[PDB]
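Reviewing the structure listed below.
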Amino acid sequence: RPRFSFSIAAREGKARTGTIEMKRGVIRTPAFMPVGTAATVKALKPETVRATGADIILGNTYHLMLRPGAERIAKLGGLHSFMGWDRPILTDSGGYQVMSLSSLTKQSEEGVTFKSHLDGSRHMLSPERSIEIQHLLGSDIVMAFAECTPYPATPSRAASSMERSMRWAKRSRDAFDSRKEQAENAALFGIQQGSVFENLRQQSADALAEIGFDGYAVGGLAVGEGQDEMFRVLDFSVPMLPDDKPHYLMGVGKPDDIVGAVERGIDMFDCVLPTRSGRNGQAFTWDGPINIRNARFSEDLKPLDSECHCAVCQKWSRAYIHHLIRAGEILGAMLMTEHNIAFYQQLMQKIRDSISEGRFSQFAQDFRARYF
Ligand SMILES: [Zn+2]
């Protein structure tokens, strides 16, 4: 019922489990958010995404501004109504994908100018335009627009990028607050930057806290630094963020990454891996990933995973899915994606339950031992 309320029900070390209440629904944390790129979670109906256990999905802001357009979606009734998802939706600011998928990007203090990677050039993106598009889409959790620092990054380079991003965080905050309808029904998350330097991360955390946000995301990770560095950065960075607000690790999603990130205080995750790898033929299992296309699965009657309770594993065999994927059948992508998302949601439920029971450390340990 509230606009935003985060409650921690249990803790174990730096790990915590709880819930976030929003007008459109309750989000159980730690949470994994399936990625909906072009107003759709690849190959799945919204009801199927909900069926796997998802409480919230992530909407793509760069993609949607290009096709079908933020203004058009708003006219059509908003993203929820457009795609058929009535629960909360977190929208990325668009800044990351602009710098990764756009042609001839132009950085400035005002924002970024770019060329759409597909048809001319839906062009300008600033902190206020980003917040505006996110409002138009009707997202529940709005992300402040930032400048992600590439890996590696020199201290001065990481500093100047972080400094700009903090200036953009203030502008994002003001832009969000000027829109009453948005400020009254949505939440705004700030994004910590600073690369792998803790002094920079500390400065970013303090600026962010000074402005004030509903939740804090840890940005700049999962950009090539490797799990060891990622984890090392998480170790000192997470404690810098307000304890009473959710901590969101953007773009992190390998099963092992999530488990180690939760041990470090992270409450929210998003990644294209489950959906992406599904289309590619990689299925996640408690004993590690398997590539269903491999000949050894040609006559395997067992489900993708023997403990998984998803509809796919209850009704189809590896042999059939192996056939579908090798034949390039759409049902293959549908089945594989549904299982993978189901697998991720089950992993989050096992994480939440073990934290509430005070046995997460053992779970993590047992998980890694079997998964690898
Ligand atoms: Zn399954």
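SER306 versus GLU109, label points 7 Å from Cα toward the beta carbon: distance in nm?
Going from the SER306 label point to the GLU109 one covers 6.3 nm.
Using +1 at the Cβ of each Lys and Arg and -1 at the Cβ of each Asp and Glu in region 278-372, identify which of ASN340, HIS309, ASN294 lies farthest towards the dipole's positive end.
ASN294
Go through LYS45/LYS170; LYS115/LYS245; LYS14/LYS350 and tell me which ones have a Cα-Cα distance over 27 Å in this structure.
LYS45/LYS170; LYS115/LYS245
For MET336, what is the net charge nearby, where nearby means another residue's Cβ is under 13 Å from its Cβ and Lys, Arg count +1, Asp, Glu -1?
Counting the neighbours of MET336, the net charge comes to +3.
By how many nm would the segment from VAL272 to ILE330 grow when fully extended, if each residue of separation counts as 0.36 nm and the alpha-carbon distance is taken off?
19.1 nm
Over the chain, with a Gaussian network built from C-alpha contacts below 10 Å, which listed residue (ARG16, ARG173, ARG50) shows the highest mean-square fluctuation?
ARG50
Quick one: if the Förster radius is 51 Å, what FRET efficiency do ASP235 and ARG296 give, using the C-beta to C-beta distance and rounding to 0.05? Write down the numbers at each step before the final one.
Values: r = 40 Å, r/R0 = 0.78.
The pair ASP235/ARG296 has a calculated efficiency of 0.80.
What is the dipole size for the chain, taken about its Cα centre, with +1 at each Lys and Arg Cβ and -1 at each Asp and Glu Cβ, in debye to the nearest 20? Kindly include the intermediate steps, with their values, before the conclusion.
Numbers: 45 positive and 44 negative charges, 168 e Å.
Result for the chain is approximately 800 debye, rounded to the nearest 20.
Per DSSP H run of n ≥ 4, the term is -39500 (n - 2.57); total these for the chain, divide by its residue number, and report the mean residue ellipticity at 222 nm rounded to 500 deg cm²/dmol. Don't skip to the answer; put the middle values down first.
Details: 16 runs with 169 residues, N = 372.
Result for the chain, helices only: -13500 deg cm²/dmol.
Which log10 I(q)/I(0) values does the chain give at q = 0.09 Å⁻¹ under the Debye formula, counting every alpha carbon as one identical point scatterer?
The calculated log intensity ratios at q = 0.09 Å⁻¹ are -0.50.
In this analysis, Cβ positions are derived from the backbone assuming ideal geometry, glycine residues included, and neighbour counts consider all displayed protein chains. Every number in this text was worked out from the coordinates using simple rules, so none of it is lab data.
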